[PDB]
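K.L.:
Take a look at the following structure, please.
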Amino acid sequence: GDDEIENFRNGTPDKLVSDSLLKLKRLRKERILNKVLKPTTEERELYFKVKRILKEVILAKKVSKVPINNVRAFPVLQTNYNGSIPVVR
Amino acid sequence: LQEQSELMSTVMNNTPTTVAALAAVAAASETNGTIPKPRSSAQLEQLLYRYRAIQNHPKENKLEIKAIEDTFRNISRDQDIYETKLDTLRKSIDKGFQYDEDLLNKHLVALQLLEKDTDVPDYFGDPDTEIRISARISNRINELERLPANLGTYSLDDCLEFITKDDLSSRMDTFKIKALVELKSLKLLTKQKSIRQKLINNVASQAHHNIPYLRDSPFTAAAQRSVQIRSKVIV
Amino acid sequence: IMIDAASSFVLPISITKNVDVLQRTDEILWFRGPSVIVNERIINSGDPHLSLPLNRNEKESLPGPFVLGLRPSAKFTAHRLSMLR
Amino acid sequence: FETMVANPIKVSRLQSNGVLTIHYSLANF
Amino acid sequence: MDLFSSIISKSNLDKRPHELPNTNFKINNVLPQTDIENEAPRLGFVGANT
Amino acid sequence: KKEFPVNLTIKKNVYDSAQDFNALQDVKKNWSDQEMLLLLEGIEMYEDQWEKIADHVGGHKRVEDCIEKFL
Amino acid sequence: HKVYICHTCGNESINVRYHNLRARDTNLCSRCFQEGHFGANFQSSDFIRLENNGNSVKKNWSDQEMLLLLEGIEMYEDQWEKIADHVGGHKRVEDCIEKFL
Ligand SMILES: [Zn+2]
């Protein structure tokens with residue numbers, strides 16, 4: 001659900017975002033320094049909670065730039081096929 | 001024993017009604033340690049959908065239907081709670097904030113770098129910590145070695161070339177070369193280490209004939225002069 | 001399993017009168033197997049014609065093979081030709 | 001026509017890879 | 001040896017009669033192969049240590 | 001300064017693993033490659049208007065889900 | 001400028017070759033790759049479109065040259081003349097070593 005964003009939407013929207021990204025960076029350091037590979041269920045749950053908030057402002061406020069920077073490509077599979085000349089033993 | 005992968009194996013083997021996991025206390029509860037509330041978006045939920053849709057035929061041999069339906073009730077309840085909270089959250093928005101641009105930049109770049117597991121700069125010996133580096137490189141090697149070989153691009157600049165049914169565009173391989181430069185540069189690491197050793201142990205191994213401010217000191221010149229003293233001839 | 005077989009051959013008679021459409025050496029090249037015709041190079045990886053989702057005997061005559069091949073729309077190509085000059 | 005053994009074109013691997021395209025380096029008269 | 005040729009670049013809108021530089025030639029049609037691409041190997045197969 | 005390039009486009013996502021591109025993966029929320037090319041195609045031209053893009057994709061995608069993809 | 005004899009025929013490649021990654025010392029033309037004349041052992045996934053033209057002003061190091069340098073280092077393990085020609089012969093030994101370090 002949300003359970004906190006209703007309360008924090010009444011004031012500024014942006015302080016919780018930085019206070020959550022610093023927690024993500026600290027948990028990522030603590031995952032690097034522990035030889036663990038799968039992310040925890042405590043930051044995954046805390047990841048989407050970030051991505052929700054940055055969505056909603058774009059739903060609501062329409063901030064004046066929202067900059068566009070893309071690599072202007074994306075990977076797709078392409079067809080493969082064997083050669084037609086037969087093998088020689 | 002990964003029951004949320006056993007359902008996937010029974011689905012992808014196309015024979016799920018023939019076994020149906022033998023839902024008793026000895027089998028359906030031995031893998032559970034209710035059902036553990038699946039994690040994915042829909043990849044572990046469509047399996048539950050199909051599993052209930054197959055188990056509508058026996059309907060009494062499988063006692064585990066009720067906990068699965070309780071989790072469906074939990075999912076519907078959480079969904080209704082989120083829809084009410086999204087209705088209230090769009091009503092709790094202030095009429096004016098004027099969100100700053102050059103911090104939206106930093107939050108977008110920081111979120112994007114924190115998605116795909118790379119180090120974010122702040123702007124807001126010891127073989128314990130030698131293995132913790134040499135276990136992040138095996139991660140990247142065994143993540144790049146599971147990409148499909150038939151990987152290809154489609155840039156937004158092929159529209160200026162008018163590619164026909166069979167024309168072979170000239171920007172198709174701008175990702176597969178880049179996905180081999182990394183995979184072969186992360187295997188030629190202990191070759192450039194052995195070249196850097198032969199470089200440094202032949203530049204620093206002289207250190208008193210090339211560097212000017214060291215071969216002009218008193219003590220270095222005196223030591224190099226004093227090593228060359230030929231032994232005294234008695235009589 | 002060898003690699004260095006020849007797998008192309010040339011007949012000695014110069015029949016180069018009606019042959020400007022084939023693949024010439026610069027004679028005529030004669031291979032040891034046929035060609036392979038590939039319809040479209042890029043697979044379209046989603047598209048429930050191909051992805052087959054697990055939810056919900058039917059036929060569908062789709063127009064051409066061009067549905068399965070990632071073609072760009074024309075408004076972008078006109079936009080890019082406007083950006084040309 | 002069925003007694004017309006064809007000529008193999010051999011590739012000779014070192015020719016296929018890197019052949020470049022000596023008096024024109026003026027040091028040898 | 002039983003050879004083959006290249007693809008003739010004769011268009012689909014040509015409608016001409018089939019000429020032949022030799023009467024000992026034969027002609028064949030190539031059916032295009034089309035299906036879900038067979039699962040290609042991973043990059044560990046393409047470029048391992050030699 | 002010289003830095004090894006951070007090749008994000010190859011890198012598979014860690015936290016969700018369901019918002020990757022369709023090649024790196026092994027109304028409807030499926031996001032085939034045609035709507036993905038139409039999404040990059042609409043973002044290159046229309047520059048964040050979110051409604052000409054939302055039917056330039058082809059109408060099956062909500063504006064919320066287009067923002068979910070653009071993030 | 002080198003010349004690239006197309007494998008499986010005798011032809012010369014014009015400006016685009018298709019390098020193979022499992023025999024590692026063969027090439028192809030475009031037309032022999034469009035039709036699949038490269039033998040039934042290979043699978044048309046292990047062929048990278050490489051160029052033949054002289055590139056731009058030096059110390060740019062396009063991804064093609066980086067890839068061919070790393071292919072050479074996996075081939076020969078020494079012999080930087082045999083690395084620098086496999087890059088394309090328009091780079092010196094004293095620059096391939098300065099770029100691999
Ligand atoms: Zn050829």
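Letters A, B, ... go to the chains of the structure tokens in the order shown; residues in each chain start at 1; ligands are counted from 1 in the same order.
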Could you tell me which residues of chain A sit within 8 Å of chain C when counting only C-alpha atoms, and give me the result as an NGL selection string?

P.N.:
:A and (76-79 or 83-89)

K.L.:
With 7 Å as the limit and counting only C-alpha atoms, what residues in chain B lie close to chain F? Please list them as a list in words.

P.N.:
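For chain B, the answer reads residues 115, 116, 117 and 147 of chain B.
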
K.L.:
Put those residues in a file: N, CA and C atoms, as a compact mmCIF listing (two decimals), in the first residue's frame.

P.N.:
# COMPACT_ATOMS: atom_id res chain seq x y z
N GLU B 115 19.47 1.02 -9.54
CA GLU B 115 18.73 -0.14 -10.04
C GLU B 115 19.65 -1.28 -10.42
N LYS B 116 20.65 -0.99 -11.24
CA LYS B 116 21.41 -2.02 -11.94
C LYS B 116 22.73 -2.34 -11.26
N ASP B 117 22.86 -2.05 -9.96
CA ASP B 117 23.98 -2.44 -9.10
C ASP B 117 25.31 -1.87 -9.61
N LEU B 147 24.02 -14.07 -21.37
CA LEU B 147 23.33 -13.34 -22.42
C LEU B 147 23.21 -14.22 -23.66

K.L.:
Dump as CSV the rows for residues of chain D within 9 Å of chain C: closest atom pair and distance in Å with one decimal, only C-alpha atoms counted, ordered by chain and rising residue number.

P.N.:
residue,atom,partner,partner_atom,distance
D:4,CA,C:11,CA,7.5
D:5,CA,C:11,CA,7.8
D:6,CA,C:11,CA,5.3
D:7,CA,C:9,CA,5.3
D:8,CA,C:9,CA,4.9
D:9,CA,C:6,CA,5.7
D:10,CA,C:6,CA,5.3
D:11,CA,C:6,CA,7.1
D:12,CA,C:4,CA,8.0
D:13,CA,C:4,CA,7.9

K.L.:
Counting only C-alpha atoms, which residues of chain D come no farther than 6 Å from chain G, as a ChimeraX atom specification?

P.N.:
/D:16-17,19-21

K.L.:
Pick out the residues sitting within 8 Å of range 56-71 of chain B, and hand them over as a PyMOL selection string; count only C-alpha atoms, and ignore anything fewer than 6 positions along from it in its own chain.

P.N.:
chain B and resi 22-24+28+34-35+37+48

K.L.:
Which neighbours of residue 50 in chain E fall inside 12 Å, counting only C-alpha atoms, when residues of the same chain fewer than 3 positions from it are skipped, and could you give them as a list in words?

P.N.:
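Near neighbours after the sequence-gap exclusion: residues 184 and 187 of chain B; 45, 46 and 47 of chain E; 21, 22, 23, 24, 71, 72, 73, 74, 75, 76 and 77 of chain G.
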
K.L.:
Given the selection you just returned, output its residues as a file containing N, CA and C atoms, formatted as a PDB file, in the first residue's frame.

P.N.:
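Contents of the output file again_24.pdb:
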ATOM      1  N   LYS B 184      35.719 -10.145 -22.280  1.00  0.00           N
ATOM      2  CA  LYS B 184      37.091 -10.559 -22.517  1.00  0.00           C
ATOM      3  C   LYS B 184      38.096  -9.644 -21.841  1.00  0.00           C
ATOM      4  N   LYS B 187      38.590 -11.201 -18.449  1.00  0.00           N
ATOM      5  CA  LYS B 187      39.363 -12.429 -18.420  1.00  0.00           C
ATOM      6  C   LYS B 187      40.839 -12.202 -18.694  1.00  0.00           C
TER       7      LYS B 187
ATOM      8  N   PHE E  45      29.756 -19.715 -24.625  1.00  0.00           N
ATOM      9  CA  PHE E  45      30.074 -20.580 -25.752  1.00  0.00           C
ATOM     10  C   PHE E  45      30.800 -19.820 -26.851  1.00  0.00           C
ATOM     11  N   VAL E  46      30.484 -18.542 -27.024  1.00  0.00           N
ATOM     12  CA  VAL E  46      31.028 -17.756 -28.141  1.00  0.00           C
ATOM     13  C   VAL E  46      32.149 -16.905 -27.554  1.00  0.00           C
ATOM     14  N   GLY E  47      33.365 -17.431 -27.628  1.00  0.00           N
ATOM     15  CA  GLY E  47      34.507 -16.669 -27.160  1.00  0.00           C
ATOM     16  C   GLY E  47      35.111 -17.163 -25.861  1.00  0.00           C
TER      17      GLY E  47
ATOM     18  N   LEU G  21      33.892 -16.093 -34.764  1.00  0.00           N
ATOM     19  CA  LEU G  21      34.405 -16.038 -33.404  1.00  0.00           C
ATOM     20  C   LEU G  21      34.740 -17.407 -32.832  1.00  0.00           C
ATOM     21  N   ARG G  22      34.656 -18.463 -33.636  1.00  0.00           N
ATOM     22  CA  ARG G  22      35.038 -19.789 -33.161  1.00  0.00           C
ATOM     23  C   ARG G  22      36.140 -20.445 -33.977  1.00  0.00           C
ATOM     24  N   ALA G  23      36.317 -20.092 -35.247  1.00  0.00           N
ATOM     25  CA  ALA G  23      37.551 -20.384 -35.957  1.00  0.00           C
ATOM     26  C   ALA G  23      38.550 -19.246 -35.850  1.00  0.00           C
ATOM     27  N   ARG G  24      38.061 -18.014 -35.715  1.00  0.00           N
ATOM     28  CA  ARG G  24      38.726 -16.801 -35.252  1.00  0.00           C
ATOM     29  C   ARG G  24      39.708 -16.238 -36.299  1.00  0.00           C
ATOM     30  N   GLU G  71      40.989  -9.993 -28.930  1.00  0.00           N
ATOM     31  CA  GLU G  71      41.097 -11.245 -29.676  1.00  0.00           C
ATOM     32  C   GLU G  71      42.550 -11.625 -29.913  1.00  0.00           C
ATOM     33  N   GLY G  72      43.389 -10.642 -30.252  1.00  0.00           N
ATOM     34  CA  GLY G  72      44.798 -10.926 -30.472  1.00  0.00           C
ATOM     35  C   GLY G  72      45.508 -11.363 -29.206  1.00  0.00           C
ATOM     36  N   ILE G  73      45.189 -10.713 -28.083  1.00  0.00           N
ATOM     37  CA  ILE G  73      45.799 -11.082 -26.807  1.00  0.00           C
ATOM     38  C   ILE G  73      45.353 -12.475 -26.371  1.00  0.00           C
ATOM     39  N   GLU G  74      44.111 -12.860 -26.675  1.00  0.00           N
ATOM     40  CA  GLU G  74      43.716 -14.239 -26.413  1.00  0.00           C
ATOM     41  C   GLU G  74      44.365 -15.215 -27.389  1.00  0.00           C
ATOM     42  N   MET G  75      44.686 -14.769 -28.605  1.00  0.00           N
ATOM     43  CA  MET G  75      45.357 -15.650 -29.560  1.00  0.00           C
ATOM     44  C   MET G  75      46.797 -15.932 -29.153  1.00  0.00           C
ATOM     45  N   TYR G  76      47.616 -14.887 -29.060  1.00  0.00           N
ATOM     46  CA  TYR G  76      49.057 -15.065 -29.183  1.00  0.00           C
ATOM     47  C   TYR G  76      49.823 -14.985 -27.870  1.00  0.00           C
ATOM     48  N   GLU G  77      49.295 -14.269 -26.865  1.00  0.00           N
ATOM     49  CA  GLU G  77      49.809 -14.128 -25.494  1.00  0.00           C
ATOM     50  C   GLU G  77      51.129 -13.358 -25.405  1.00  0.00           C
TER      51      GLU G  77
END
